[PDB]
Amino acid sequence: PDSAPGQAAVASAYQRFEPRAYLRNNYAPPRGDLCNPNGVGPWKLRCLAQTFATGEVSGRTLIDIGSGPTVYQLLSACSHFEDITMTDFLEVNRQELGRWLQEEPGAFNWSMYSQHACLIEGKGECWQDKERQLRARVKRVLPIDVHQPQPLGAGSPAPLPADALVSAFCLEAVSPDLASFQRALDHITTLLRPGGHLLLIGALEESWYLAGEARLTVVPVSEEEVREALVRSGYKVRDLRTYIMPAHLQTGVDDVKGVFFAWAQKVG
């Protein structure tokens, strides 16, 4: 059928996306409490840390797809990639990342995430060093639209193809349905070299979340749907794990039921 109408709804909805509210809802406590090892924050960081710890995910260039105003997803990654591209649809998110890169006080504070990353990576690294490295390795912050066949546009800055991709809570949150999801997955997969790796994190069985005024629509997906989409896009699934959101982390900022983390290698 027609993809344009659905995409236009999404783009419209995100014009009301408020980065601060979003940061507060997802990365401040209770969800942003990293003290409980059973929490979602620690689980995510652990998936990322353990994956990079295999040494199997490395190279020169990495691209973060739909970064938003967050950086936690790149904390463990930055030690393995000299060149990191961050990306987002919204200018206001790109600016938010701009505040953090300039180490402004106005910026969101990721230090609890940085510290927790250093802690689980087990190298005795101090968080200030972790943060300094990330800031050094982010070579550009780019506009992106995963719905376009060339999500970064034509003749764009990013070194292509990238050795690896990271994406957290993007696809399912900008895709009106499973078919749009699959197409978005196919588009970003063009940015990854063959043999490259994708690290994918997202909400399971979610239909909405709040970002200030904006109550945005999410395509509820299942683990098996995520798995099939990855296979469909030409990936071997190396790892796919599920975190079940505990009742007390269900706070009415969304209707998420769980979080998935996928490690996939693009067949080449």
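Numbers follow the displayed sequence, beginning with 1. If you superpose the two forms and keep the largest set of C-alpha atoms that fall within 1.5 Å, you have the rigid core.
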query	finding
Between 51-59 and 205-213, the one whose CA atoms sit farther away in 9 other deposited structures of this protein (rigid core aligned)	205-213
More variable segment, 214-222 or 39-47 [Cα RMS over structures in 9 other deposited structures of this protein, core-superposed]	214-222
Residue range whose averaged C-alpha B-factor is higher in the record, 207-215 or 237-245	207-215
Mean C-alpha temperature factor, higher of 150-158 and 77-85	150-158
For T51, the third of its chain into which the C-alpha B factor falls	middle
CA B-factor ranking of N93, expressed as a third of its chain	middle
Third of chain Cα B-factors occupied by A21	middle
Assigned third (lowest, middle, highest) for the C-alpha B factor of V10	highest
Cα B factor band for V231 (lowest, middle or highest third within the chain)	highest
